[PDB]
>>> print(open('coords_19.pdb').read())   # PDB, C-alpha atoms
ATOM      1  CA  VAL A   1     -88.108  69.429-195.309
ATOM      2  CA  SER A   2     -87.499  66.325-193.302
ATOM      3  CA  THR A   3     -89.043  65.731-189.904
ATOM      4  CA  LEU A   4     -87.347  62.601-188.609
ATOM      5  CA  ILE A   5     -88.756  60.148-186.134
ATOM      6  CA  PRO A   6     -86.078  58.641-183.705
ATOM      7  CA  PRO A   7     -86.995  59.685-180.052
ATOM      8  CA  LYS A   8     -90.405  58.018-180.176
ATOM      9  CA  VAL A   9     -88.954  54.712-181.306
ATOM     10  CA  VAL A  10     -87.172  54.169-177.991
ATOM     11  CA  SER A  11     -87.254  50.872-176.163
ATOM     12  CA  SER A  12     -83.522  50.096-176.238
ATOM     13  CA  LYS A  13     -82.914  52.608-173.467
ATOM     14  CA  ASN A  14     -85.737  50.915-171.617
ATOM     15  CA  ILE A  15     -83.678  47.729-171.502
ATOM     16  CA  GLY A  16     -80.298  49.404-171.883
ATOM     17  CA  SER A  17     -80.138  50.847-168.394
ATOM     18  CA  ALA A  18     -78.117  48.860-165.864
ATOM     19  CA  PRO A  19     -80.540  48.830-162.840
ATOM     20  CA  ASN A  20     -82.975  46.721-164.910
ATOM     21  CA  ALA A  21     -80.817  43.689-164.020
ATOM     22  CA  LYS A  22     -81.010  44.732-160.345
ATOM     23  CA  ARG A  23     -84.764  45.388-160.655
ATOM     24  CA  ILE A  24     -85.669  41.937-161.919
ATOM     25  CA  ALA A  25     -83.456  40.535-159.191
ATOM     26  CA  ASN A  26     -84.963  42.496-156.290
ATOM     27  CA  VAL A  27     -88.643  42.268-157.229
ATOM     28  CA  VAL A  28     -87.957  38.548-156.906
ATOM     29  CA  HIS A  29     -85.737  39.078-153.860
ATOM     30  CA  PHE A  30     -88.400  40.918-151.932
ATOM     31  CA  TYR A  31     -91.631  39.256-153.101
ATOM     32  CA  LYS A  32     -91.085  36.061-151.073
ATOM     33  CA  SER A  33     -88.762  37.235-148.348
ATOM     34  CA  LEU A  34     -90.284  37.943-144.947
ATOM     35  CA  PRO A  35     -91.968  41.394-144.589
ATOM     36  CA  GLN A  36     -89.609  42.645-141.935
ATOM     37  CA  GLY A  37     -88.294  39.294-140.775
ATOM     38  CA  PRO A  38     -90.845  38.654-137.962
ATOM     39  CA  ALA A  39     -89.122  35.203-137.907
ATOM     40  CA  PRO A  40     -90.303  32.202-139.971
ATOM     41  CA  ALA A  41     -91.101  30.346-136.707
ATOM     42  CA  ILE A  42     -90.417  31.602-133.187
ATOM     43  CA  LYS A  43     -92.199  28.924-131.130
ATOM     44  CA  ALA A  44     -90.008  26.360-129.407
ATOM     45  CA  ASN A  45     -89.890  24.522-126.084
ATOM     46  CA  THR A  46     -88.172  21.318-125.058
ATOM     47  CA  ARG A  47     -86.717  22.847-121.854
ATOM     48  CA  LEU A  48     -83.375  23.106-123.611
ATOM     49  CA  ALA A  49     -84.681  25.520-126.207
ATOM     50  CA  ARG A  50     -84.568  28.019-123.307
ATOM     51  CA  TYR A  51     -80.966  27.002-122.642
ATOM     52  CA  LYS A  52     -80.198  27.627-126.295
ATOM     53  CA  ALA A  53     -82.053  30.938-126.291
ATOM     54  CA  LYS A  54     -80.144  32.274-123.321
ATOM     55  CA  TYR A  55     -76.723  30.957-124.229
ATOM     56  CA  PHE A  56     -76.391  29.544-127.724
ATOM     57  CA  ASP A  57     -78.432  32.181-129.465
ATOM     58  CA  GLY A  58     -77.151  35.735-129.117
ATOM     59  CA  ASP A  59     -77.887  36.940-125.617
ATOM     60  CA  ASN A  60     -74.910  35.657-123.642
ATOM     61  CA  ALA A  61     -71.380  35.054-124.772
ATOM     62  CA  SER A  62     -71.017  34.678-120.983
ATOM     63  CA  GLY A  63     -68.992  31.775-119.633
ATOM     64  CA  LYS A  64     -71.918  30.000-117.913
ATOM     65  CA  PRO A  65     -72.276  27.111-120.516
ATOM     66  CA  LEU A  66     -68.547  26.392-120.266
ATOM     67  CA  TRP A  67     -69.030  26.073-116.515
ATOM     68  CA  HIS A  68     -72.154  23.941-117.013
ATOM     69  CA  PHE A  69     -70.375  21.588-119.423
ATOM     70  CA  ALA A  70     -67.256  21.530-117.218
ATOM     71  CA  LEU A  71     -69.224  20.686-114.098
ATOM     72  CA  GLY A  72     -70.711  17.646-115.830
ATOM     73  CA  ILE A  73     -67.303  16.028-116.403
ATOM     74  CA  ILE A  74     -66.164  16.903-112.840
ATOM     75  CA  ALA A  75     -69.292  15.112-111.604
ATOM     76  CA  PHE A  76     -68.618  12.207-113.938
ATOM     77  CA  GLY A  77     -65.178  11.071-112.841
ATOM     78  CA  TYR A  78     -65.687  12.097-109.182
ATOM     79  CA  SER A  79     -68.705   9.793-108.878
ATOM     80  CA  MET A  80     -66.761   7.160-110.817
ATOM     81  CA  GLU A  81     -64.064   7.217-108.129
ATOM     82  CA  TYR A  82     -66.866   6.077-105.831
ATOM     83  CA  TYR A  83     -67.987   3.635-108.561
ATOM     84  CA  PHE A  84     -64.472   2.174-108.417
ATOM     85  CA  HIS A  85     -64.464   2.428-104.609
TER      86      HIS A  85
ATOM     87  CA  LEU B  26     -68.906   0.397-119.297
ATOM     88  CA  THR B  27     -65.411   1.540-120.302
ATOM     89  CA  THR B  28     -64.259   5.084-119.483
ATOM     90  CA  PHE B  29     -62.441   5.436-122.823
ATOM     91  CA  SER B  30     -65.592   4.375-124.706
ATOM     92  CA  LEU B  31     -67.691   6.814-122.681
ATOM     93  CA  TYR B  32     -65.332   9.715-123.393
ATOM     94  CA  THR B  33     -65.242   8.994-127.164
ATOM     95  CA  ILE B  34     -68.989   9.473-126.946
ATOM     96  CA  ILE B  35     -68.451  12.764-125.007
ATOM     97  CA  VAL B  36     -66.210  14.138-127.795
ATOM     98  CA  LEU B  37     -68.849  13.325-130.402
ATOM     99  CA  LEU B  38     -71.603  14.993-128.373
ATOM    100  CA  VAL B  39     -69.591  18.147-127.750
ATOM    101  CA  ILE B  40     -68.878  18.486-131.461
ATOM    102  CA  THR B  41     -72.530  17.875-132.389
ATOM    103  CA  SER B  42     -73.702  20.666-130.084
ATOM    104  CA  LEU B  43     -71.188  23.110-131.570
ATOM    105  CA  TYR B  44     -72.953  23.167-134.937
ATOM    106  CA  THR B  45     -76.502  22.926-133.684
ATOM    107  CA  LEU B  46     -76.772  24.732-130.353
ATOM    108  CA  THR B  47     -74.758  27.763-131.374
ATOM    109  CA  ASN B  48     -77.169  29.606-133.661
ATOM    110  CA  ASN B  49     -80.873  29.211-134.404
ATOM    111  CA  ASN B  50     -81.885  27.883-137.839
ATOM    112  CA  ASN B  51     -79.183  29.965-139.531
ATOM    113  CA  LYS B  52     -79.366  33.685-138.818
ATOM    114  CA  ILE B  53     -77.179  35.514-141.325
ATOM    115  CA  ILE B  54     -75.991  38.192-138.837
ATOM    116  CA  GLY B  55     -74.246  35.555-136.702
ATOM    117  CA  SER B  56     -74.504  34.387-133.107
ATOM    118  CA  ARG B  57     -71.649  34.955-130.711
ATOM    119  CA  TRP B  58     -70.569  31.321-130.199
ATOM    120  CA  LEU B  59     -70.505  30.599-133.922
ATOM    121  CA  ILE B  60     -68.182  33.573-134.541
ATOM    122  CA  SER B  61     -65.373  31.459-133.099
ATOM    123  CA  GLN B  62     -65.949  28.575-135.479
ATOM    124  CA  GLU B  63     -66.122  31.041-138.359
ATOM    125  CA  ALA B  64     -62.648  32.309-137.576
ATOM    126  CA  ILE B  65     -61.300  28.773-137.149
ATOM    127  CA  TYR B  66     -62.903  27.798-140.450
ATOM    128  CA  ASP B  67     -61.262  30.714-142.240
ATOM    129  CA  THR B  68     -57.791  30.452-140.751
ATOM    130  CA  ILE B  69     -57.588  26.769-141.697
ATOM    131  CA  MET B  70     -59.196  27.410-145.074
ATOM    132  CA  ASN B  71     -56.643  30.082-145.863
ATOM    133  CA  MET B  72     -53.914  28.023-144.222
ATOM    134  CA  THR B  73     -54.321  24.816-146.148
ATOM    135  CA  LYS B  74     -54.920  26.859-149.271
ATOM    136  CA  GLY B  75     -51.564  28.244-148.222
ATOM    137  CA  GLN B  76     -50.024  24.795-147.697
ATOM    138  CA  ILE B  77     -51.000  22.056-150.164
ATOM    139  CA  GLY B  78     -52.673  24.785-152.171
ATOM    140  CA  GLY B  79     -53.645  22.550-155.078
ATOM    141  CA  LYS B  80     -57.198  22.313-156.233
ATOM    142  CA  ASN B  81     -57.649  19.395-153.860
ATOM    143  CA  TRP B  82     -56.671  21.526-150.872
ATOM    144  CA  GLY B  83     -60.370  21.978-150.184
ATOM    145  CA  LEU B  84     -60.784  18.211-150.531
ATOM    146  CA  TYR B  85     -58.500  17.879-147.531
ATOM    147  CA  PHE B  86     -59.985  20.957-145.851
ATOM    148  CA  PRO B  87     -62.575  18.931-143.877
ATOM    149  CA  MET B  88     -59.891  16.383-143.008
ATOM    150  CA  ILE B  89     -57.580  19.038-141.608
ATOM    151  CA  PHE B  90     -60.562  20.525-139.792
ATOM    152  CA  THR B  91     -61.514  17.281-138.037
ATOM    153  CA  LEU B  92     -57.858  16.695-137.180
ATOM    154  CA  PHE B  93     -57.957  20.121-135.570
ATOM    155  CA  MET B  94     -61.212  19.708-133.701
ATOM    156  CA  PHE B  95     -60.489  16.196-132.420
ATOM    157  CA  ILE B  96     -57.334  17.379-130.720
ATOM    158  CA  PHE B  97     -58.967  20.650-129.717
ATOM    159  CA  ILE B  98     -61.812  19.035-127.800
ATOM    160  CA  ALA B  99     -59.803  16.115-126.404
ATOM    161  CA  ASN B 100     -57.362  18.549-124.795
ATOM    162  CA  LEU B 101     -60.172  20.276-122.958
ATOM    163  CA  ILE B 102     -61.814  17.077-121.733
ATOM    164  CA  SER B 103     -58.535  15.776-120.359
ATOM    165  CA  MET B 104     -58.094  19.165-118.624
ATOM    166  CA  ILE B 105     -61.073  18.471-116.370
ATOM    167  CA  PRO B 106     -59.515  17.234-113.061
ATOM    168  CA  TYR B 107     -61.504  14.047-112.557
ATOM    169  CA  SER B 108     -61.299  12.873-116.141
ATOM    170  CA  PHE B 109     -59.712  10.067-118.056
ATOM    171  CA  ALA B 110     -58.015  10.976-121.291
ATOM    172  CA  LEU B 111     -58.376   9.789-124.860
ATOM    173  CA  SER B 112     -55.435  11.643-126.308
ATOM    174  CA  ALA B 113     -53.275  10.876-123.293
ATOM    175  CA  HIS B 114     -54.063   7.329-124.136
ATOM    176  CA  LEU B 115     -51.144   7.600-126.482
ATOM    177  CA  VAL B 116     -51.931   4.420-128.319
ATOM    178  CA  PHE B 117     -54.786   6.041-130.194
ATOM    179  CA  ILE B 118     -52.924   9.239-131.081
ATOM    180  CA  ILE B 119     -49.647   7.583-132.136
ATOM    181  CA  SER B 120     -51.585   4.931-134.049
ATOM    182  CA  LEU B 121     -53.565   7.685-135.773
ATOM    183  CA  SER B 122     -50.298   9.399-136.675
ATOM    184  CA  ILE B 123     -48.957   6.169-138.177
ATOM    185  CA  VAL B 124     -52.208   5.722-140.155
ATOM    186  CA  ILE B 125     -51.950   9.202-141.626
TER     187      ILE B 125
END
>>> encode(input="coords_19.pdb", output="structure tokens")
Amino acid sequence: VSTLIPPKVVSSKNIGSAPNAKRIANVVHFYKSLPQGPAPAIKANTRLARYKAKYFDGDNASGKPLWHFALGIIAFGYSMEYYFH
Amino acid sequence: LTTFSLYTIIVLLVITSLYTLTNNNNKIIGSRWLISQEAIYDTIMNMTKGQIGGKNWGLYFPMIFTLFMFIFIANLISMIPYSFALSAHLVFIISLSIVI
């Protein structure tokens, strides 16, 4: 009397599961991404890369660049008074 | 040279630094200066999607952004005490209004 053969002819549950879509995404997502993000390049120097690192890269939201930029325009027209003098 | 010409250059250079020197090479997490221009981007995106609200709203989303930023920077430059305006040279702003 019949001995049937379905559970060993399974391969549609081996594609049927939902995380397979996620799997084939994230083996690709993590095989070329940085190991831990040690940066893709961390060397810089132009003597304004330091300015950027302290102010215009997270470190200071402090008002010092505003002051620096402000002071330039104060220096500009004040000297120009004496250029018109 | 000409003070007006020199200050049109200053506006351009301020705006260039705001999308260069504000974050390094694109860091997803965000850098504190660029958080401001994210919020500005969103409140004018969602505002002009609120206004004209067509499918060409986003086609005038840069235009409405550079009409914001022009006035936004040129009313900080003129606020410096020894400084010569661009916007308070009315002839450019009123002319620009007539053009639009």
>>> interface_residues(input="coords_19.pdb", of="chain B", to="chain A", cutoff="12 Å", atoms="only C-alpha atoms", output="PyMOL selection string")
chain B and resi 26-29+31-32+35-36+38-39+42-61+101-110
>>> atom_distance(input="coords_19.pdb", atom1="atom CA of residue A:50", atom2="atom CA of residue A:65")
12.6 Å
>>> atom_distance(input="coords_19.pdb", atom1="atom CA of residue B:80", atom2="atom CA of residue B:125")
20.3 Å
>>> atom_distance(input="coords_19.pdb", atom1="atom CA of residue B:96", atom2="atom CA of residue B:118")
9.3 Å
>>> resolve_selection(input="coords_19.pdb", expression="the PyMOL selection byres ((chain B and resi 95) around 12)", output="list in words")
residues 33, 35, 36, 37, 38, 39, 40, 87, 88, 89, 90, 91, 92, 93, 94, 96, 97, 98, 99, 100, 101, 102, 111, 112, 117, 118 and 121 of chain B
>>> write_last_selection(input="coords_19.pdb", atoms="C-alpha atoms", output="PDB file, in the coordinates of the input")
ATOM      1  CA  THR B  33     -65.242   8.994-127.164  1.00  0.00           C
ATOM      2  CA  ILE B  35     -68.451  12.764-125.007  1.00  0.00           C
ATOM      3  CA  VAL B  36     -66.210  14.138-127.795  1.00  0.00           C
ATOM      4  CA  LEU B  37     -68.849  13.325-130.402  1.00  0.00           C
ATOM      5  CA  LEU B  38     -71.603  14.993-128.373  1.00  0.00           C
ATOM      6  CA  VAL B  39     -69.591  18.147-127.750  1.00  0.00           C
ATOM      7  CA  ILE B  40     -68.878  18.486-131.461  1.00  0.00           C
ATOM      8  CA  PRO B  87     -62.575  18.931-143.877  1.00  0.00           C
ATOM      9  CA  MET B  88     -59.891  16.383-143.008  1.00  0.00           C
ATOM     10  CA  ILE B  89     -57.580  19.038-141.608  1.00  0.00           C
ATOM     11  CA  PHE B  90     -60.562  20.525-139.792  1.00  0.00           C
ATOM     12  CA  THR B  91     -61.514  17.281-138.037  1.00  0.00           C
ATOM     13  CA  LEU B  92     -57.858  16.695-137.180  1.00  0.00           C
ATOM     14  CA  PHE B  93     -57.957  20.121-135.570  1.00  0.00           C
ATOM     15  CA  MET B  94     -61.212  19.708-133.701  1.00  0.00           C
ATOM     16  CA  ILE B  96     -57.334  17.379-130.720  1.00  0.00           C
ATOM     17  CA  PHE B  97     -58.967  20.650-129.717  1.00  0.00           C
ATOM     18  CA  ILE B  98     -61.812  19.035-127.800  1.00  0.00           C
ATOM     19  CA  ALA B  99     -59.803  16.115-126.404  1.00  0.00           C
ATOM     20  CA  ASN B 100     -57.362  18.549-124.795  1.00  0.00           C
ATOM     21  CA  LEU B 101     -60.172  20.276-122.958  1.00  0.00           C
ATOM     22  CA  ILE B 102     -61.814  17.077-121.733  1.00  0.00           C
ATOM     23  CA  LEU B 111     -58.376   9.789-124.860  1.00  0.00           C
ATOM     24  CA  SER B 112     -55.435  11.643-126.308  1.00  0.00           C
ATOM     25  CA  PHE B 117     -54.786   6.041-130.194  1.00  0.00           C
ATOM     26  CA  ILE B 118     -52.924   9.239-131.081  1.00  0.00           C
ATOM     27  CA  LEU B 121     -53.565   7.685-135.773  1.00  0.00           C
TER      28      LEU B 121
END
>>> axis_aligned_box(input="coords_19.pdb", around="stretch 3-9 of chain A", padding_each_side="3 Å", output="JSON")
{"center_x": -88.2, "center_y": 60.2, "center_z": -185.0, "size_x": 10.3, "size_y": 17.0, "size_z": 15.9}
>>> build_atoms(input="coords_19.pdb", residues="stretch 41-57 of chain A", atoms="N, CA, C and O atoms", output="mmCIF file, in the frame of the given file")
data_model
loop_
_atom_site.group_PDB
_atom_site.id
_atom_site.type_symbol
_atom_site.label_atom_id
_atom_site.label_comp_id
_atom_site.auth_asym_id
_atom_site.auth_seq_id
_atom_site.Cartn_x
_atom_site.Cartn_y
_atom_site.Cartn_z
ATOM 1 N N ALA A 41 -90.696 31.290 -137.719
ATOM 2 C CA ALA A 41 -91.101 30.346 -136.707
ATOM 3 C C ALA A 41 -90.311 30.747 -135.493
ATOM 4 O O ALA A 41 -89.090 30.865 -135.561
ATOM 5 N N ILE A 42 -91.002 30.976 -134.353
ATOM 6 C CA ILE A 42 -90.417 31.602 -133.187
ATOM 7 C C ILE A 42 -90.857 30.826 -131.967
ATOM 8 O O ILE A 42 -90.441 31.118 -130.846
ATOM 9 N N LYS A 43 -91.723 29.804 -132.168
ATOM 10 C CA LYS A 43 -92.199 28.924 -131.130
ATOM 11 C C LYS A 43 -91.245 27.774 -130.988
ATOM 12 O O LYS A 43 -90.873 27.144 -131.976
ATOM 13 N N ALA A 44 -90.820 27.503 -129.733
ATOM 14 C CA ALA A 44 -90.008 26.360 -129.407
ATOM 15 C C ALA A 44 -90.143 26.149 -127.927
ATOM 16 O O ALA A 44 -90.536 27.061 -127.201
ATOM 17 N N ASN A 45 -89.778 24.933 -127.457
ATOM 18 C CA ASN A 45 -89.890 24.522 -126.084
ATOM 19 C C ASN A 45 -89.546 23.063 -126.104
ATOM 20 O O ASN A 45 -90.150 22.276 -126.828
ATOM 21 N N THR A 46 -88.561 22.686 -125.272
ATOM 22 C CA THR A 46 -88.172 21.318 -125.058
ATOM 23 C C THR A 46 -87.396 21.348 -123.763
ATOM 24 O O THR A 46 -86.892 20.321 -123.310
ATOM 25 N N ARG A 47 -87.354 22.546 -123.113
ATOM 26 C CA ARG A 47 -86.717 22.847 -121.854
ATOM 27 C C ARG A 47 -85.223 22.901 -121.995
ATOM 28 O O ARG A 47 -84.491 22.919 -121.009
ATOM 29 N N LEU A 48 -84.752 22.937 -123.257
ATOM 30 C CA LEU A 48 -83.375 23.106 -123.611
ATOM 31 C C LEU A 48 -83.385 24.043 -124.774
ATOM 32 O O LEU A 48 -82.330 24.504 -125.198
ATOM 33 N N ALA A 49 -84.585 24.431 -125.275
ATOM 34 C CA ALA A 49 -84.681 25.520 -126.207
ATOM 35 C C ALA A 49 -84.478 26.829 -125.481
ATOM 36 O O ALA A 49 -84.008 27.795 -126.073
ATOM 37 N N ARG A 50 -84.826 26.885 -124.168
ATOM 38 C CA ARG A 50 -84.568 28.019 -123.307
ATOM 39 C C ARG A 50 -83.109 28.208 -123.000
ATOM 40 O O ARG A 50 -82.616 29.331 -122.886
ATOM 41 N N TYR A 51 -82.389 27.072 -122.857
ATOM 42 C CA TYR A 51 -80.966 27.002 -122.642
ATOM 43 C C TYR A 51 -80.236 27.559 -123.830
ATOM 44 O O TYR A 51 -79.268 28.304 -123.697
ATOM 45 N N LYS A 52 -80.715 27.182 -125.035
ATOM 46 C CA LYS A 52 -80.198 27.627 -126.295
ATOM 47 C C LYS A 52 -80.485 29.083 -126.488
ATOM 48 O O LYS A 52 -79.650 29.810 -126.997
ATOM 49 N N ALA A 53 -81.677 29.562 -126.081
ATOM 50 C CA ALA A 53 -82.053 30.938 -126.291
ATOM 51 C C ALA A 53 -81.246 31.879 -125.445
ATOM 52 O O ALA A 53 -80.964 33.004 -125.855
ATOM 53 N N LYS A 54 -80.875 31.433 -124.225
ATOM 54 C CA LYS A 54 -80.144 32.274 -123.321
ATOM 55 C C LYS A 54 -78.675 32.238 -123.596
ATOM 56 O O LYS A 54 -77.994 33.227 -123.339
ATOM 57 N N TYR A 55 -78.151 31.121 -124.147
ATOM 58 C CA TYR A 55 -76.723 30.957 -124.229
ATOM 59 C C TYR A 55 -76.211 30.782 -125.617
ATOM 60 O O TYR A 55 -75.178 31.347 -125.951
ATOM 61 N N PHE A 56 -76.928 30.041 -126.478
ATOM 62 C CA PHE A 56 -76.391 29.544 -127.724
ATOM 63 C C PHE A 56 -77.202 30.103 -128.849
ATOM 64 O O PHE A 56 -77.289 29.538 -129.933
ATOM 65 N N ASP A 57 -77.781 31.279 -128.570
ATOM 66 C CA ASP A 57 -78.432 32.181 -129.465
ATOM 67 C C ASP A 57 -78.016 33.437 -128.786
ATOM 68 O O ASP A 57 -77.940 33.472 -127.555
#
